[PDB]
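Here's a solo chain for you in structure tokens, the form deposited in one PDB entry.
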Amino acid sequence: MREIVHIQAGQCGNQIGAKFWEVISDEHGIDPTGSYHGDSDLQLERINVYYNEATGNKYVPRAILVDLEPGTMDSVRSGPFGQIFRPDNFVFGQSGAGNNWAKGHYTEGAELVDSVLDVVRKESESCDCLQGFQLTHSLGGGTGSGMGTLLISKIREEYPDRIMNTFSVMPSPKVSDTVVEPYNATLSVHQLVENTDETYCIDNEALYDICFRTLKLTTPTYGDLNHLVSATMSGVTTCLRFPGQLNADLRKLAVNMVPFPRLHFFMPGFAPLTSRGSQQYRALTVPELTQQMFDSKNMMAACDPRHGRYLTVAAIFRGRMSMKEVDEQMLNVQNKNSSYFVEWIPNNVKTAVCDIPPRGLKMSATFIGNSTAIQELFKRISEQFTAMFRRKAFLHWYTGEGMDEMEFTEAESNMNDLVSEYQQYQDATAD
């Protein structure tokens, strides 16, 4: 378990995906050209997980950039780490998906997916021990949702023994008031329950409410939202990019986090919350990080964890702190919030401490939770999907590309079964 092949599809996938490489390269001491500028040996011991070693001590990210819209292609090169990506790993079509899930999954994106698989096989064979694949994309669009889920099914059928991991962003009317997004998200969730082992739910509803109400940003921008995403993606991948024993690979994380195959949607959280202007934010204490981590205002998914029960929880502490104090606070919050954990999974909270904190912070806490409260997120999309689907609004945009209308009823039925399954274990007791 070593290398991980990163893929980013669509405008949102490349937006948060480029910001992801900008943040972790700064942590590993890699400049935009690819040279190692770090002053700590701990930054290169696990560098082969996300990077490939090239020429004169040049590290190249093992990333694949895909989008049906050629516009976002040049937007990545205009960024900071634009040239660090391999030019062969740019697979871009001719016209955008137009927020149509059927165009990305069945017609336009179905043509370009063969060109993407060739780049995946090229990177896969260049790995000693491939862990799996990680994907960043949105569910409300057409490219990242439609073609992303298609690319997942084609990859999982060639590399079935590998772990499929996604960073999927959830639509929200507060960010993008496009009414077909419930359609695209529901059809994608139906794909993610069957063809992914781990899925981090990054809700734009939560990102907006954190920027608007907590961070007091009157008009949140995509840069303000992606700042929370990159800070979360860096935290959830800490145990993969640094030496450790707790959840050090994608498979050991999945075995500890996914008690049932369909319930593999994680609720991420981060502490403390920054707003791109930290100024002189003091380092919080271990009890403050523990309490703020399980706070509903710190979750990247618009869900109240006090409304459900934690099936499994992984906590990642970063920075110089007492290992004994972390053990005390984690065992303390499990007694205070005893009723918010299922009692038929003993020792379902695992804690890992990393010595290297992220940039601009000295004490950070990352929260990865498999909570039954995530059903509030799916219920919200299901109600918006049902409101549109009952009136058959804009249904011909999808049936005009080869989709059968029974795929909508199957995606709706499959997602409702997912909600009832979360409620099934939220009420189950140990007798």
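Between two forms, the rigid core is the largest collection of C-alphas that superpose within 1.5 Å. Only residues modelled in both forms are compared. Just count from 1 along the sequence shown to find any residue number.
There is another form of the same protein, the form deposited in another entry; it is not shown, and what comes next is about it.
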{"query": "Core-superposed comparison between this form and the one not shown: the option from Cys127, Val255, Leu331, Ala283 whose CA moves 2 angstroms or more", "finding": "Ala283"}
{"query": "Cα displacement of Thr274 between this form and the one not shown reaching 2 Å, rigid core superposed", "finding": "yes"}
{"query": "Inter-Cα distance between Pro287 and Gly277 in that other deposited form, nearer or further [3 Å or more]", "finding": "closer"}
{"query": "Outcome for the Cα pair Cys354, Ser278 in that other deposited form, compared with this form (closer or farther; change of 3 Å or more)", "finding": "farther"}
{"query": "Superposed on the rigid core, segments between this form and the one not shown of at least 3 residues with Cα shifts of 2 Å or more", "finding": "274-283"}
